[PDB]
Amino acid sequence: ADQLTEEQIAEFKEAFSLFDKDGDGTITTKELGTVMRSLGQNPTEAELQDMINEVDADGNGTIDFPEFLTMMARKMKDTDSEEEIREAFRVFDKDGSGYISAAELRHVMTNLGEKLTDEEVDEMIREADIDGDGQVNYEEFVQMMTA
Amino acid sequence: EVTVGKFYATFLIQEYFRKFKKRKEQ
Ligand SMILES: [Ca+2]
Ligand SMILES: [Ca+2]
Ligand SMILES: [Ca+2]
Ligand code: NA
Ligand code: NA
């Protein structure tokens, strides 16, 4: 009841390739750091290595796509639509304020959606920030993610 | 838990991009 289509695997591969920026089929700690840093975080090497370690099933020190797919498909099978949105909001609400600033979310979107144009990201943010106060709060994020 | 969540949130945001492009067109 939790089969994967070709298109689903390609979507998980797009998420994998966000991190595997050199395209050699593995995610290294440096590549993970490049993404996290682009989001304004500053993970340490030990923190990056621990993150790799959670997904690296064969222990060779990097994440390959079968490891990534295993983790992502299991997460998808185990988490409902409302729960996964809730958790994703808390990932991007770094200080736990209940808000993501419009400027922060724009930067997140530009870096995670690499082929988006500025016009497209602008439209997404304008739609997300329902009341236009320059912040995307929790319920605004839920509603943007459920539409 | 935390690590899985970070990777999965990226996918969920990419999924939102896909749906947004579909709604903008149709
Ligand atoms: Ca790589
Ligand atoms: Ca591995
Ligand atoms: Ca708002
Ligand atoms: Na916040
Ligand atoms: Na872009």
# chains A, B, ... in the order shown; residues from 1 in each chain; ligands from 1

call {"tool": "interface_residues", "arguments": {"of": "chain B", "to": "chain A", "cutoff": "6 Å", "atoms": "only C-alpha atoms", "output": "PyMOL selection string"}}
result
chain B and resi 3+9+11

call {"tool": "residues_near_ligand", "arguments": {"ligand": "ligand 4", "cutoff": "8 Å", "atoms": "only C-alpha atoms and all ligand atoms", "output": "list in words"}}
result
residues 92, 93, 94, 95, 96, 97, 98, 99, 100 and 101 of chain A

call {"tool": "write_last_selection", "arguments": {"atoms": "N, CA, C and O atoms", "output": "compact mmCIF listing (two decimals), in the first residue's frame"}}
result
# COMPACT_ATOMS: atom_id res chain seq x y z
N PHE A 92 11.91 25.10 9.83
CA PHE A 92 12.23 26.42 9.30
C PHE A 92 12.00 27.54 10.29
O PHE A 92 12.51 28.65 10.08
N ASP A 93 11.25 27.28 11.37
CA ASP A 93 11.12 28.22 12.49
C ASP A 93 12.26 27.95 13.46
O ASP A 93 12.12 27.26 14.48
N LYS A 94 13.43 28.52 13.14
CA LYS A 94 14.67 28.15 13.82
C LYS A 94 14.65 28.53 15.29
O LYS A 94 15.11 27.76 16.14
N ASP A 95 14.14 29.71 15.62
CA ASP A 95 14.13 30.16 17.01
C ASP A 95 12.85 29.80 17.74
O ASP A 95 12.66 30.22 18.88
N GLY A 96 11.97 29.03 17.10
CA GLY A 96 10.75 28.60 17.78
C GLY A 96 9.84 29.73 18.17
O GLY A 96 9.22 29.69 19.25
N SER A 97 9.75 30.76 17.34
CA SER A 97 8.91 31.92 17.62
C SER A 97 7.47 31.74 17.17
O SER A 97 6.61 32.55 17.55
N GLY A 98 7.18 30.72 16.37
CA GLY A 98 5.88 30.59 15.75
C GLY A 98 5.72 31.38 14.47
O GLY A 98 4.60 31.44 13.94
N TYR A 99 6.80 31.97 13.96
CA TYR A 99 6.82 32.78 12.75
C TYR A 99 8.07 32.46 11.95
O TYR A 99 9.13 32.20 12.53
N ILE A 100 7.97 32.54 10.63
CA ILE A 100 9.13 32.68 9.76
C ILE A 100 8.99 34.02 9.04
O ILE A 100 7.96 34.29 8.42
N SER A 101 10.03 34.86 9.13
CA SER A 101 9.93 36.14 8.45
C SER A 101 9.83 35.93 6.95
O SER A 101 10.33 34.94 6.40

call {"tool": "residues_near_ligand", "arguments": {"ligand": "ligand 1", "cutoff": "9 Å", "atoms": "only C-alpha atoms and all ligand atoms", "output": "PyMOL selection string"}}
result
chain A and resi 17+19-28+30-31+62-64

call {"tool": "residues_around", "arguments": {"residues": "residue 104 (chain A)", "least_positions_apart": "6", "cutoff": "12 Å", "atoms": "only C-alpha atoms", "output": "JSON, numbers by chain"}}
result
{"A": [38, 39, 40, 41, 92, 93, 94, 110, 111, 121, 125, 134, 135, 136]}

call {"tool": "closest_residue", "arguments": {"among": "A:126, A:115, A:77, A:107", "to": "ligand 5", "atoms": "only C-alpha atoms and all ligand atoms"}}
result
A:115

call {"tool": "residues_near_ligand", "arguments": {"ligand": "ligand 3", "cutoff": "8 Å", "atoms": "only C-alpha atoms and all ligand atoms", "output": "PyMOL selection string"}}
result
chain A and resi 128-137+140

call {"tool": "write_last_selection", "arguments": {"atoms": "N, CA and C atoms", "output": "JSON list (two decimals), in the first residue's frame"}}
result
[["chain", "number", "residue", "atom", "x", "y", "z"],
["A", 128, "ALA", "N", 1.62, 33.20, 0.70],
["A", 128, "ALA", "CA", 1.81, 32.63, 2.03],
["A", 128, "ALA", "C", 1.49, 33.63, 3.13],
["A", 129, "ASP", "N", 1.90, 34.89, 2.96],
["A", 129, "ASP", "CA", 1.70, 35.91, 3.99],
["A", 129, "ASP", "C", 0.31, 36.52, 3.81],
["A", 130, "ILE", "N", -0.69, 35.79, 4.30],
["A", 130, "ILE", "CA", -2.09, 36.15, 4.05],
["A", 130, "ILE", "C", -2.37, 37.59, 4.48],
["A", 131, "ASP", "N", -1.97, 37.95, 5.70],
["A", 131, "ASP", "CA", -2.32, 39.27, 6.21],
["A", 131, "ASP", "C", -1.27, 40.33, 5.87],
["A", 132, "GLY", "N", -0.18, 39.95, 5.21],
["A", 132, "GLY", "CA", 0.77, 40.92, 4.71],
["A", 132, "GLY", "C", 1.58, 41.65, 5.75],
["A", 133, "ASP", "N", 1.76, 41.07, 6.94],
["A", 133, "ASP", "CA", 2.55, 41.69, 7.99],
["A", 133, "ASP", "C", 4.05, 41.41, 7.85],
["A", 134, "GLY", "N", 4.46, 40.71, 6.80],
["A", 134, "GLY", "CA", 5.86, 40.41, 6.59],
["A", 134, "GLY", "C", 6.37, 39.20, 7.33],
["A", 135, "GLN", "N", 5.47, 38.43, 7.96],
["A", 135, "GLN", "CA", 5.81, 37.21, 8.67],
["A", 135, "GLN", "C", 4.87, 36.12, 8.19],
["A", 136, "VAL", "N", 5.38, 34.91, 8.07],
["A", 136, "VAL", "CA", 4.55, 33.74, 7.78],
["A", 136, "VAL", "C", 4.40, 32.97, 9.08],
["A", 137, "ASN", "N", 3.22, 33.04, 9.69],
["A", 137, "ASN", "CA", 3.05, 32.35, 10.95],
["A", 137, "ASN", "C", 2.68, 30.89, 10.69],
["A", 140, "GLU", "N", -0.53, 30.27, 8.68],
["A", 140, "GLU", "CA", -0.28, 30.69, 7.30],
["A", 140, "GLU", "C", 0.55, 29.66, 6.55]]

call {"tool": "residues_near_ligand", "arguments": {"ligand": "ligand 2", "cutoff": "7 Å", "atoms": "only C-alpha atoms and all ligand atoms", "output": "mmCIF file with C-alpha atoms, in the first residue's frame"}}
result
data_model
loop_
_atom_site.group_PDB
_atom_site.id
_atom_site.type_symbol
_atom_site.label_atom_id
_atom_site.label_comp_id
_atom_site.auth_asym_id
_atom_site.auth_seq_id
_atom_site.Cartn_x
_atom_site.Cartn_y
_atom_site.Cartn_z
ATOM 1 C CA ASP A 56 24.282 6.295 6.287
ATOM 2 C CA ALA A 57 23.098 2.721 6.716
ATOM 3 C CA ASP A 58 26.287 0.986 5.556
ATOM 4 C CA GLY A 59 28.630 3.174 7.599
ATOM 5 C CA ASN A 60 30.968 4.269 4.821
ATOM 6 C CA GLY A 61 30.654 7.907 5.937
ATOM 7 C CA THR A 62 28.350 9.324 3.226
ATOM 8 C CA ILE A 63 24.687 9.005 2.207
ATOM 9 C CA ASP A 64 23.891 7.432 -1.153
ATOM 10 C CA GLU A 67 20.038 5.159 1.839
#

call {"tool": "atom_distance", "arguments": {"atom1": "CA of residue 4 (chain A)", "atom2": "CA of residue 66 (chain A)"}}
result
13.0 Å

call {"tool": "atom_distance", "arguments": {"atom1": "CA of residue 4 (chain B)", "atom2": "CA of residue 16 (chain B)"}}
result
18.5 Å

call {"tool": "closest_residue", "arguments": {"among": "A:2, A:80, A:139, A:122", "to": "ligand 5", "atoms": "only C-alpha atoms and all ligand atoms"}}
result
A:122

call {"tool": "select_by_dssp", "arguments": {"residues": "region 60-132 of chain A", "states": "strand (DSSP E)", "output": "ChimeraX atom specification"}}
result
/A:63-64,99-101

call {"tool": "closest_residue", "arguments": {"among": "A:3, A:103, A:32, A:10", "to": "residue 6 (chain B)", "atoms": "only C-alpha atoms"}}
result
A:32

call {"tool": "select_by_dssp", "arguments": {"residues": "chain A", "states": "alpha helix (DSSP H)", "output": "ChimeraX atom specification"}}
result
/A:6-19,29-38,45-55,65-78,81-92,102-112,118-128,138-146

call {"tool": "atom_distance", "arguments": {"atom1": "CA of residue 8 (chain A)", "atom2": "CA of residue 141 (chain A)"}}
result
23.4 Å

call {"tool": "closest_residue", "arguments": {"among": "A:143, A:34, A:9, A:81", "to": "residue 65 (chain A)", "atoms": "only C-alpha atoms"}}
result
A:9
